[PDB]
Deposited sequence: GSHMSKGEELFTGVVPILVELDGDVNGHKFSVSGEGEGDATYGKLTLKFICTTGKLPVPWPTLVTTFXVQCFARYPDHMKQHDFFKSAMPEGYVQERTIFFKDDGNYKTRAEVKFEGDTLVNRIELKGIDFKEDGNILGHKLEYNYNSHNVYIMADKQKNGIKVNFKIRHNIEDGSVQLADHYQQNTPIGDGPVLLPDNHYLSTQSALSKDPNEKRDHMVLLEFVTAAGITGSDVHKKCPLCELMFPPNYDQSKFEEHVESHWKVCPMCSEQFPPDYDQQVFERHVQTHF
């Protein structure tokens, strides 16, 4: 059915189970999404007491299938083309000078409803760092989500850097390493490299006493022809510069196998990467 599911308002459900440095918690979310606009509305409750991490840290984690792809780009919309069987979205999120989240989500239809079921593990976080110290402002900014085909899987590798504003006016960065791969064995769109321009606003229902977040998200697809910047680092490329070498550069941030050049999140814990390299010898 694919893009035909997304012509109107789709109801959304979200469930997450999380363990960050041993603090276990669960969140439930409900709302709806309108890919015609790229518009997405979602309210979250913490179902297990008071949330141990700040809500903004979870925003990316809580459905890029609701992006508006312009007509001239329908052919690059992986997200929607894997539906309704859906996809696995995995991420590692490196909070600079602090811990990281590792997430595994399945996003897919369950009847008429679009569901994001997530499990999330955080480790190595500082106790009075920006995350566990609750030092993030309750807000969000624009970002450009760079998207690449992983032809040799049958999905996408995705990269971007979130800017979380800190109550002392500094910024906490969070590098996102993301892969999406289809759940069904139907065929899917393998896109050319492009971006999703995302914008967000977090607010609060004033008649809600529980600890919650209301997230509004506006996502729409694109992708420039003079100066181009790297998604992860701030490296700036001169005007009109071999786009395959830009790509090469981005890949280089991933941990790369010297044999088959498969990419992995650049974790401190090499254990999983080390298992892969032994597959060749």
query: Parts of the chain sequence, as deposited, that carry no C-alpha coordinates in this structure; finding: 1-5, 68, 230-232
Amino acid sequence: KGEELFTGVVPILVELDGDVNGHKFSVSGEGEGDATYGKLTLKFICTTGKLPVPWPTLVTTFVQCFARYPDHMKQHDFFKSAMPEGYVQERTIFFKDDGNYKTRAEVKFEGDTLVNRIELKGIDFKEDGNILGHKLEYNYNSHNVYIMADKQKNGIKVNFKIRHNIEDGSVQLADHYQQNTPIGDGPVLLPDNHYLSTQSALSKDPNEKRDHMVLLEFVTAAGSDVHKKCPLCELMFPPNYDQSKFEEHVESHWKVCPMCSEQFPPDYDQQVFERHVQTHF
From here on, numbers count along this sequence of modelled residues.
{"property": "Average Cα temperature factor in the PDB entry - higher stretch of 191-199, 152-160", "result": "152-160"}
{"property": "Mean Cα B-factor comparison, 267-275 or 15-23, giving the higher one as deposited", "result": "267-275"}
{"property": "Residue selected from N139, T92, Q179, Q75 by maximal Cα B factor", "result": "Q75"}
{"property": "Of the residues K80, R210, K204, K135, the one carrying the largest Cα B-factor as recorded", "result": "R210"}
{"property": "Entry-reported Cα temperature factor of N130, expressed as the chain third it lands in", "result": "middle"}
{"property": "Third assignment of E167 from its chain's C-alpha B-factors", "result": "middle"}
{"property": "Modelled-residue ranking by C-alpha temperature factor, third containing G38", "result": "middle"}
{"property": "Third of the chain's Cα B-factor distribution that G223 belongs to, per the entry", "result": "highest"}
{"property": "Modelled-residue ranking by C-alpha temperature factor, third containing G31", "result": "middle"}
